[PDB]
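Notes follow the structure.
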RNA sequence: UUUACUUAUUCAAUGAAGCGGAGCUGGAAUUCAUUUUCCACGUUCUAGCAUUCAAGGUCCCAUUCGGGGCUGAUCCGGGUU
RNA sequence: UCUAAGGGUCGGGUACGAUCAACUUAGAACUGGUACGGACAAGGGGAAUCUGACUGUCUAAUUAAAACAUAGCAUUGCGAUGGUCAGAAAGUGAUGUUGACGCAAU
RNA sequence: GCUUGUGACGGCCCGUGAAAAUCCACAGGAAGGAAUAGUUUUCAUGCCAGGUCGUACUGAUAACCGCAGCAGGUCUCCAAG
RNA sequence: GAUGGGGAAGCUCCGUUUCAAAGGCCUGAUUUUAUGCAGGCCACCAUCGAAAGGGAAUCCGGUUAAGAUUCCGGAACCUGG
Ligand SMILES: [Mg+2]
Ligand SMILES: [Mg+2]
Ligand SMILES: [Mg+2]
Ligand SMILES: [Mg+2]
Ligand SMILES: [Mg+2]
Ligand SMILES: [Mg+2]
Ligand SMILES: [Mg+2]
Ligand SMILES: [Mg+2]
Ligand SMILES: [Mg+2]
Ligand SMILES: [Mg+2]
Ligand SMILES: [Mg+2]
Ligand SMILES: [Mg+2]
Ligand SMILES: [Mg+2]
Ligand SMILES: [Mg+2]
Ligand SMILES: [Mg+2]
Ligand SMILES: [Mg+2]
Ligand SMILES: [Mg+2]
Ligand SMILES: [Mg+2]
Ligand SMILES: [Mg+2]
Ligand SMILES: [Mg+2]
Ligand SMILES: [Mg+2]
Ligand SMILES: [Mg+2]
Ligand SMILES: [Mg+2]
Ligand SMILES: [Mg+2]
Ligand SMILES: [Mg+2]
Ligand SMILES: [Mg+2]
Ligand SMILES: [Mg+2]
Ligand SMILES: [Mg+2]
Ligand SMILES: [Mg+2]
Ligand SMILES: [Mg+2]
Ligand SMILES: [Mg+2]
Ligand SMILES: [Mg+2]
Ligand SMILES: [Mg+2]
Ligand SMILES: [Mg+2]
Ligand SMILES: [Mg+2]
Ligand SMILES: [Mg+2]
Ligand SMILES: [Mg+2]
Ligand SMILES: [Mg+2]
Ligand SMILES: [Mg+2]
Ligand SMILES: [Mg+2]
Ligand SMILES: [Zn+2]
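Protein chains in written order, with PDB author numbering: chain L2, 2 to 253; chain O4, 62 to 113; chain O0, 9 to 105; chain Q3, 2 to 92; chain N7, 2 to 136; chain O8, 2 to 78.
As C-alpha cells, this is what we get:
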C-alpha cells in the first residue's frame, strides 16, 4: 500500500520546526584562549523566554579580547542566575552557580548543565528544563571525567569538556496536567507538526501495519525488530521487555 | 528625526538623549568608587608582597 | 546581644533612619556609627562606606536584610541603614562595634 | 463571604477534566500566580511570567527559577551542595 | 570631620557639569533666602586638558593643555565628596556670592580660575584633578 | 502659513528681495461685546510662506498702508 | 593476536589568536656538592569605564608639522587547534 | 395620575445656603368588555436504559454516529561515532535555533 | 449614548505573541579652527530639480468563477431616528 | 535561487557562506595630469520573494458628457543638489 506516516516525517515539509520566534541557538562561549588558560567575566544582561523551549535563556554579554566591542552569547539559564549577575568562564574560574568550568576543575558531586561531549562543542548535555549532570569520577592520566546523565546513563568525557554550575531553570514544568486538548495544541504549535495522533489501529491497511480488520486490533506482536525496514517499524521498536514496569527502576 | 533641530534629540547633561540621568548619577558613583577601591586593592596587596 | 543594644539605643538616644538622612548625618560629622543591612546593594554600601571614612565614622554590617533591620529598631517598615548620632544609655559605640 | 468550598481558582474549569486533575492544577496554579519575596530589595514583588522567569516589580531584577515556583527543591539543595564543595577549595 | 570645607574636591553628580570634578571654595552649610539647601560654591573644570605625548610638539602642547573652567552654586546632595584636595588661594575672592549675579562678573571669575587652573596643571600639581572621570 | 505681530519685523519682509506680491484684506468684525470695527490683514507672499499681520487698529492700518514699498505689487481687497 | 605511532582516511572548531619546545623571574621543596625536581609565572565586594600601530623609555630624519625603528609585550619551530 | 430614594458646581475666620442637569428603582391612586412581553421577538418539561467523559473532528454530492481527536494512563527506542525518518548519489537532507522535564515509535 | 481612536491598569499562557531597509542619539576625541580676524549650515531666510508604470468602470439575483444577464460561489471599510 | 564547489551516463541533483586567494568606502598623494599610490579601516558573500507586513513627504475649495489626494486655484511638505 501507501507510505505510512512515520516515513513521511523525513522529507521535512510540514514536519520541519517552527522556528520563527526563537531567540537563536543556545551555546557556550567558543573555547578560546581566555576560557582555557584563565577565566573571563560577563554580565547576564537579560534572561528570557524561548518559544517552544521549556527553560528560559540568559543573554550574557562579554568583552572581545581581541577587538574593541561587545560580544553577546546565548546561555540556557541555570536556576537562580539573575540579571546583572557576573558570570565567570574559565579553567581558573570559581565554582558558583552560573559560571562555566571544565569538568576536570570541579570536584566529585558538582552539579552542572549544558555540558559538552567533546571539548569545545559549545554545549550538548542536559539542557531541557530541570535536567543536569553530576560528576562522579576523575582519571588524572588521560584526563577523563566520569558523569551520570539525566537518563541515568554514565558516560566518560574529556576533563576539558566545559559545563555550567547548577541546574537548568524552569524545572517542574511537566508536573502540571495539560488539562485540555488546546493547551497541547498551542504547545505543539510552537514546536513541530506532530500533534494530534491518529492511532494506526484506526487506519486502513494502505495506511499502516495496524490498519484494518473488523475490530480494531494489532493482529501481530507490536514489538518490531531493529533489523526491520522502513514502513515496518511501527510499534515497540527493538523492545527488550514490555508490559507494566513493576518495582523500583533506577540504575545500579 | 532628521527633520528636526539637534536640541530635540538631547538633554544637555553627559549622555544626553541616551541615558536617563538617574542612570548617569549611578554610573558616575560606581565609576568613582570602583576606581578608588582599585587604588585600595593595589596597596593592600603591594604590602602583602612585602609582608609575608 | 547586638539587637538588644540597638533596642536600648532606640529607647534612650537619637537616631535617624534611611539612606538620605544618614548622609545629612554623615556630611555633618553628626554620626557616631552607621549600621548597614545585609542586602542593601553594594553601590550604596560602597558610597556610605566612603562617606563614612571621610567623616572618620565606624560602620556596622548588620547581618540581616532591611526587613529585619527595621524590626531591629522596632519599626513596622523596612530600613536599609541607621545612623546613631547620640548613644543613649547603651554602649554600642564602645563595645564590639 | 466564602465563595467556593474547595475549587478556589479552579472554579474556572467548572465540571470538566475530573476532580483529581483539577486538584493537581489548582496546586501549581496557586504556586505560580502568587507574589514572592525579592532576595535583593526585600519587598514581596516577584511575580512569574513565562515558566522559569521570575521578575521583581519595583527594583526590576529577574531571576531564573522553577517553572511554577521561584525556588525549586532540587535547585535549592544543589545550591547548598555547591556551598559545601566550594568550601573545600579555599579551606 | 565636617568634610565639606574649603579644600575639598568632589565630583559633581547631576546637571551638565555632571561627572566633572570641582573644588569647593566656599560652603553655605545650611541656608539661603534663595538656595534653601546645603550648598557649595565650586569651580570645577568643564573641558579637560587632552592627553599629551612625545609626538605632540611646540604649539599642539599649548593647544592640548588648555582648560575650559566653570563655576557653580550647587546643592550638597549633588557632590560626591572626595578624599583628595586642592588649594583655593588664587581664587578665594573670585568665587563669591557676589560673583554670581551679573554675568560679566562670572566671566571675569572664570578668566582667573582658568589661568589659575592651567598654572596648576603645568608642573603637574594635583594630578588627579586634571583628568577625565570615565563612566 | 504664518502670523506676525512686530510691526517693525513686518516692514523688513516687505523689502526682502523675493517678496514680489502682497495683499491687504478688510474685515468688518465686532468689538468686545458692543459695536463693530474695521479689521485689516496685511499678507506678504514670501517664497515659502505667506506672512499675515493683523492690525486691529483702523488708524495704524492706514498709516501702515502708505508705508508699503512703492515697488511692491499689493492686491487691494 | 595484543598496543603503540601520524601522514592516508574520518569528526569538530575558529572572521585558522596565543599552540609545541626552551627561558626568565617567584616559590613549595631537601640539598648528601649544587640543584636532583615539581607547581605556578598580571583580571572576582559593585548592572561603571577598557578602541586611534599605546603611554612611557630609548635611538634615528637633520629638526616643522609630521614621521619612522626598537622596547614596552623574552627566545626557538612556521603543525590553525 | 401622583409619592419617595439615588448626583454636579461654586464662595465659608485660622450648622446650612445657592444654582444647573440626568433615567433608574420601588411604592400609591385612578382607568378598561380582565386587557396589557397585545405586532415583532421568544427554552416544552419530567423519570429511566444503552453509549462516547467533556469542547473539538470526518465521508464536498445518500452515513455527523457509539466512529476520529483529546487531556489522562501505560509501554518502546535513543547520550549525537545516536534513535526515527528522507534520497540514485553526495563535502546530501527532516527532527535540530534540538539533548532524555528531549526527540522519535505504539 | 453609538462607532472608532488612545491612555494608565488589570487577567491569561508547558502559547509570552516577525524580520530587514531606514532614522536619530550617545561614548569617543582623529583632526581642523580667531583678534586684524577665524570657525560655524542640525537657527532663519534664499535657489534649482524630482524620472518610469498603474490611475476609466464593474466588484456582483447582469461587467469575476459556475457552458448564461444561472435563486449557487467569491476578501473588506463607512453605517441615521 | 545563481556562485568556488560536491554528486549524476546525462536531462540535472545537492549546498547558500557552504573545505573559496570572493570585495569597497573614505580621503590623501597630482599641481608632467588625470587620477597611479599612501595609510587606516569594514569583512557584510549574490539575488528574487508583500499593490493587506515595514516605509520620506499634500491639503481644502472648484472644475468634466466621462479624470482627479493626479487638472485649476490657493496654501504646504519631503528628498536630493
Ligand atoms: Mg528549518
Ligand atoms: Mg496537525
Ligand atoms: Mg496515540
Ligand atoms: Mg490518538
Ligand atoms: Mg476506519
Ligand atoms: Mg500493510
Ligand atoms: Mg506486520
Ligand atoms: Mg488491524
Ligand atoms: Mg484494540
Ligand atoms: Mg531637549
Ligand atoms: Mg563632549
Ligand atoms: Mg584556530
Ligand atoms: Mg430628587
Ligand atoms: Mg404596604
Ligand atoms: Mg462525544
Ligand atoms: Mg459536540
Ligand atoms: Mg456526506
Ligand atoms: Mg465517493
Ligand atoms: Mg454533530
Ligand atoms: Mg481512566
Ligand atoms: Mg563526497
Ligand atoms: Mg471595527
Ligand atoms: Mg508581554
Ligand atoms: Mg532618537
Ligand atoms: Mg591624525
Ligand atoms: Mg537647515
Ligand atoms: Mg538616477
Ligand atoms: Mg476611480
Ligand atoms: Mg452592474
Ligand atoms: Mg448568479
Ligand atoms: Mg541550487
Ligand atoms: Mg524585492
Ligand atoms: Mg509594500
Ligand atoms: Mg505595504
Ligand atoms: Mg474636489
Ligand atoms: Mg477632461
Ligand atoms: Mg468617477
Ligand atoms: Mg495644484
Ligand atoms: Mg505657492
Ligand atoms: Mg535641503
Ligand atoms: Zn526587588
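C-beta: ideal position from N, C-alpha, C; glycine also.
Residue 60 (chain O8): first and last residue of the uninterrupted alpha helix (DSSP H) it sits in: According to the DSSP assignment, residue 60 (chain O8) belongs to the alpha helix (DSSP H) that extends over 59-66.
Proximity test, Cβ basis, 8 Å: residue 66 (chain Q3) and chain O0: Contacts with chain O0 at 8 Å (Cβ-Cβ) do not include residue 66 (chain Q3).
Contact set for residue 100 (chain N7): own chain, Cβ-Cβ below 6 Å, skip 5 residues either direction: If you ignore the 5 residues before and after residue 100 (chain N7), its C-beta comes within less than 6 Å of the C-beta of 106 and 110, all in its own chain and listed in chain order.
Residue 73 (chain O4) at chain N7 interface by Cβ criterion, 8 Å: For residue 73 (chain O4), the answer is yes, since a Cβ of chain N7 falls inside 8 Å of its Cβ.
Cβ contact (3+ pairs, closer than 8 Å) linking the region 39-52 of chain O8 and the region 21-31 of chain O8: Segments in contact, yes.
Classification of residue 51 (chain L2) by the beta-carbon crowding that lies within 10 angstroms, buried from 16 upward: Of the other Cβ atoms in all chains shown, 16 or more fall within 10 Å of the Cβ of residue 51 (chain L2); this residue is therefore buried.
Among 85 (chain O0), 64 (chain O0), 19 (chain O0) and 62 (chain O0), the one whose alpha carbon lies nearest that of residue 26 (chain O0): The option with the nearest alpha carbon to residue 26 (chain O0) is 85 (chain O0).
Cross-strand partners of residue 23 (chain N7) (DSSP beta bridge): DSSP links residue 23 (chain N7) through a beta bridge to 11 (chain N7).
Of the listed residues 88 (chain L2), 87 (chain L2), 79 (chain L2) and 121 (chain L2), nearest to residue 162 (chain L2) (C-alpha basis): The residue with the shortest Cα to Cα distance from residue 162 (chain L2) is 121 (chain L2).
Beta bridge counterpart(s) of residue 78 (chain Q3) as assigned by DSSP: Per DSSP, none; premise fails for residue 78 (chain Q3).
Any chain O4 beta carbon closer than 8 Å to residue 63 (chain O0): Cβ-Cβ to chain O4 under 8 Å: no for residue 63 (chain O0).
Segments assigned alpha helix (DSSP H), at least 4 residues, entirely inside the region 21-57 of chain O0: With a minimum length of 4 residues, the continuous alpha helix (DSSP H) runs that stay inside the region 21-57 of chain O0 are 29-35.
For residue 76 (chain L2): DSSP bridge partner residues: DSSP output for residue 76 (chain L2) lists 59 (chain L2) as bridge partner(s).
The region 112-126 of chain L2 in contact with the region 139-146 of chain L2 per 3-pair CB rule at 8 Å: No, they do not touch.
Of the listed residues 7 (chain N7), 81 (chain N7) and 95 (chain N7), nearest to residue 55 (chain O0) (C-alpha basis): When 7 (chain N7), 81 (chain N7) and 95 (chain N7) are compared, the shortest CA-CA separation from residue 55 (chain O0) is found for 81 (chain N7).
The beta strand (DSSP E) enclosing residue 139 (chain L2), as first and last residue numbers: Looking at the DSSP string, the run of the beta strand (DSSP E) that includes residue 139 (chain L2) is 134-140.
Rounded straight-line distance, which links the Cα of residue 53 (chain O8) to that of residue 7 (chain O8): Residue 7 (chain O8) and residue 53 (chain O8) have their C-alpha atoms roughly 11 Å apart.
CA nearest to the CA of residue 121 (chain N7), picked from 14 (chain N7), 61 (chain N7), 90 (chain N7) and 33 (chain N7): Checking every option, the nearest Cα to that of residue 121 (chain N7) belongs to 90 (chain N7).
Proximity test, Cβ basis, 8 Å: residue 37 (chain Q3) and chain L2: Not closer than 8 Å to any Cβ of chain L2, the Cβ of residue 37 (chain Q3) fails to qualify, so no.
Distance, residue 70 (chain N7) Cα to residue 97 (chain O4) Cα: Residue 97 (chain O4) and residue 70 (chain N7) have their C-alpha atoms spaced approximately 24 Å apart.
Coil, strand or helix - residue 94 (chain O0) by DSSP: Strand, per DSSP.
Presumed contact (8 Å Cβ cut-off) between residue 153 (chain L2) and residue 147 (chain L2), rounded CB distance: The distance from the Cβ of residue 153 (chain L2) to that of residue 147 (chain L2) is about 14 Å, inconsistent with a contact at the 8 Å cut-off.
Residues near residue 18 (chain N7) in its chain [Cβ-Cβ closer than 7 Å; skip 5 each side]: The beta carbon of residue 18 (chain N7) sits closer than 7 Å to the beta carbons of 45, 47, 71 and 73 from its chain, once the five residues preceding and following it are set aside; these are given in chain order.
Sufficient close CB pairs (3 or more, under 8 Å) joining the region 40-60 of chain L2 to the region 13-26 of chain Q3: At 8 Å Cβ cutoff, the stretches do not touch.
Cβ of residue 52 (chain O0) within 8 Å of any chain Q3 Cβ: No - not a single Cβ of chain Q3 is within 8 Å of the one on residue 52 (chain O0).
Cβ pair residue 52 (chain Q3), residue 69 (chain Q3) closer than 8 Å: Contact flag set, yes.
Rounded distance between the beta-carbons of residue 207 (chain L2) and residue 80 (chain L2), thought under 8 Å: That pair is no contact at about 50 Å.
Contacts that residue 84 (chain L2) makes with chain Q3 (C-beta to C-beta distance below 7 Å): Going along chain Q3 in sequence order, the residues near residue 84 (chain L2) (Cβ under 7 Å) are 62 and 63.
Range of the contiguous beta strand (DSSP E) that encloses residue 47 (chain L2): Boundaries of the beta strand (DSSP E) around residue 47 (chain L2): 40-49.
Inter-stretch contact at 8 Å, needing at least 3 Cβ pairs: the region 83-90 of chain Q3 / the region 47-63 of chain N7: The answer is no - the region 47-63 of chain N7 does not touch the region 83-90 of chain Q3, with fewer than three Cβ pairs under 8 Å.
Proximity test, residue 203 (chain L2) beta-carbon vs ligand 5 heavy atom, cut-off 7 Å: True, at least one ligand heavy atom lies under 7 Å from that Cβ.
Helix, strand or coil at residue 84 (chain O4) according to DSSP, with G and I counted as helix: DSSP places residue 84 (chain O4) in helix when its eight states are reduced to three.
C-beta neighbour in chain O0 for residue 91 (chain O4), strict 8 Å: By the rule that beta-carbons nearer than 8 Å mark a contact, residue 91 (chain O4) touches chain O0.
Presumed contact (8 Å Cβ cut-off) between residue 60 (chain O0) and residue 50 (chain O0), rounded CB distance: The C-beta separation of residue 60 (chain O0) from residue 50 (chain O0) comes to about 15 Å, leaving the pair out of contact by the 8 Å criterion.
Those runs of the beta strand (DSSP E) which lie wholly inside the region 11-74 of chain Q3 and span at least 3 residues: With a minimum length of 3 residues, the unbroken runs of beta strand (DSSP E) contained wholly in the region 11-74 of chain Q3 fall at 45-48, 54-57 and 63-65.
8 Å Cβ cutoff, residue 4 (chain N7) in contact with chain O0: Answer yes: the Cβ-Cβ gap between residue 4 (chain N7) and chain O0 drops below 8 Å somewhere.
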